[PDB]
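The residues making up each chain are set out below.
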Amino acid sequence: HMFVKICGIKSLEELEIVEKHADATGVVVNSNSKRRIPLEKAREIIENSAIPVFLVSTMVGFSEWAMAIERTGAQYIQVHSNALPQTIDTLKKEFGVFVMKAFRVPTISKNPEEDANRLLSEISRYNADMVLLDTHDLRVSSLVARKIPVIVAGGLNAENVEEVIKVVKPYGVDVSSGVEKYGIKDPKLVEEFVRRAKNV
């Protein structure tokens with residue numbers, strides 16, 4: 001129905017919270033991010049999780065990816081970088097990882113239909129198992145989502161998730177800050193977000 005991923009957890013405690021209701025989670029490594037964690041903490045979250053844990057990074061290099069996967073035992077990766085199609089393809093073959101690749105959508109778009117078609121050719125260049133679209137304008141997202149399964153992310157929360165889902169009609173949604181309080185995932189926000197998203 002509606003895949004819900006809660007991204008950017010930093011502790012086994014946060015894992016337990018998201019594991020209750022979410023379909024997937026993610027740990028940020030080797031990125032300029034407030035959510036970044038050491039490889040040992042990533043390893044702990046991955047080994048203890050009952051749901052897919054995406055290893056999320058802005059790493060570009062085939063070999064830094066390989067080493068991160070080996071060091072963490074990740075079976076799911078989320079690539080937010082210009083890592084080449086060839087790198088993504090080789091990581092899949094060598095490691096059997098499921099690959100989600102992130103693509104930026106415009107904040108504003110002059111012609112939505114053409115921006116969607118442009119991102120779609122950009123997407124067909126990589127051989128990713130899932131597309132994540134990073135978000136104002138939801139029109140481009142709507143039209144990409146109609147052509148291919150996508151997870152949509154960017155500024156989602158309980159107050160806007162239901163509307164975003166109605167417009168975009170994605171395969172799933174991804175949230176981080178929207179379900180947080182003081183930089184820690186909030187059990188009541190998590191439960192509410194997932195419930196509302198699952199209802200549309």
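Header annotation of the entry names X-ray crystallography as the structure determination method and lists the resolution as 1.75 Å.

**Comments concerning the side chain of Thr87**
By secondary structure assignment, the location of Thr87 is in helix α4 (residues 85-95). The residues contacting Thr87, other than those within four sequence positions of it, are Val60 and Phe62.

**Examining the packing of aromatic side chains**
Enumeration over the complete set of coordinates arrives at 5 aromatic pairs. Taking the centre distance of 5.2 Å and the plane angle of 55° together, the rings of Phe54 and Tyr76 count as tilted. Of this pair, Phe54 sits in strand β3 (residues 53-57) while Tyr76 is found in strand β4 (residues 76-79), placing the two residues 22 residues apart along the sequence. Look at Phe54 and you get buried, because its relative accessible area is 4%. Between the aromatic rings of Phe54 and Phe98, the centroid separation amounts to 6.0 Å while the plane-to-plane angle is 80°, which identifies the pairing as edge-to-face. Pair noted here: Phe54 is in strand β3 and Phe98 is in strand β5 (residues 98-104), with a separation of 44 residues, a long-range link. Taken together, the ring pairs connect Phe54, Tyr76 and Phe98 into an aromatic cluster. Its end group placed over the ring of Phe103, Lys101 keeps NZ or CZ at 5.0 Å from the ring centre. The ring of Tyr126 carries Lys101 above its face, with NZ or CZ at 4.4 Å from the centroid.

**Quick look at the nonpolar core**
Judged by nonpolar contacts, the single largest core of 57 residues is most densely connected at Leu55, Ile77, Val144, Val173 and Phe193. Not counting the four nearest positions on each side in its chain, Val173 is found in contact with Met2, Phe3, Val4, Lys5, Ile151, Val152, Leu156, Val161, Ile165, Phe193 and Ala197. If you look at the next biggest cluster of nonpolar residues, it comprises 11 residues, including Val28, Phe54, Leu132 and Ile151.

**A few points about the side chain of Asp134**
Its place among the elements puts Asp134 in strand β6 (residues 130-134). At 5.1 Å, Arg104 is the nearest oppositely charged side chain to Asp134, a buried residue that forms no salt bridge. Contact partners of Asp134, with chain neighbours within four places excluded, come to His80, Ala102, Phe103, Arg104, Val105 and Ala153.

**Description of the pairing of β5**
Two faces belong to every sheet, and in a regular strand the side chains alternate between them. The buried count for β5 comes to 5 of 7 residues, which makes it a mostly enclosed element. Taken together, the 4 bridges between β4 and β5 define a ladder with parallel strand orientation. Among the inter-strand pairings, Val79 is bridged to a residue of β5, identified as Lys101. Handedness of the crossover joining β4 and β5 through α4: right-handed. Sheet analysis places β5 next to β6, joined by 5 bridges and oriented parallel. For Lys101, the partnering residue across the bridge sits in β6 and is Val131.

**A look at the pattern of salt bridges**
This model, assessed by the stated rule, comprises 13 salt bridges. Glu40 is the salt-bridge partner of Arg43, the closest N and O atoms lying 3.0 Å from each other. Of the two residues, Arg43 and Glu40 are both situated in helix α2 (residues 39-48); the distance of 3 residues between them amounts to about one turn of the helix. Given the relative accessible area of 39%, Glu40 is considered partly exposed. Via salt bridges that share partners, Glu14, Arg35, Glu180 and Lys185 belong to a single interconnected network.

**Structural notes on helix α1 (residues 12-19)**
Along α1, the positions that sit buried rather than exposed are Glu14, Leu15, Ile17 and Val18. Take α1 and look down its axis: the buried residues cluster within an arc of 165°, on one side only. Looking at the buried positions of α1, the neighbouring elements they touch are β1 (3-6), β2 (24-28), α2, β10 (184-185) and α8 (187-199).

Conventions and cut-offs
- Residues numbered from 1 in each chain as written, not as in the entry; some residues may be left out.
- Heavy atoms only, no water.
- Residues with missing side-chain atoms left out of burial classes, pairs and counts.
- Helix = DSSP H or I, 4+ residues; strand = E, 2+ residues; numbered from the N terminus.
- Contact = heavy atoms within 4.5 Å.
- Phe/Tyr/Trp six-rings, centres within 6.5 Å; stacked < 30°, edge-to-face > 60°.
- Buried < 20%, exposed > 50% of the residue type's maximum accessible area, 1.4 Å probe, protein only.
- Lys NZ or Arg CZ within 6 Å of the ring centre and 35° of its normal.
- Core = buried A, V, L, I, M, F, W, Y, C linked by side-chain atoms within 4.5 Å.
- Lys, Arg positive; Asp, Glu negative; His and termini not counted.
- Salt bridge = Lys/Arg side-chain N within 4 Å of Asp/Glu carboxyl O.
- Pairing = 2+ DSSP bridges.
- Right-handed = clockwise from strand over helix to strand, strands pointing away.
- Arc of directions from axis to C-beta.

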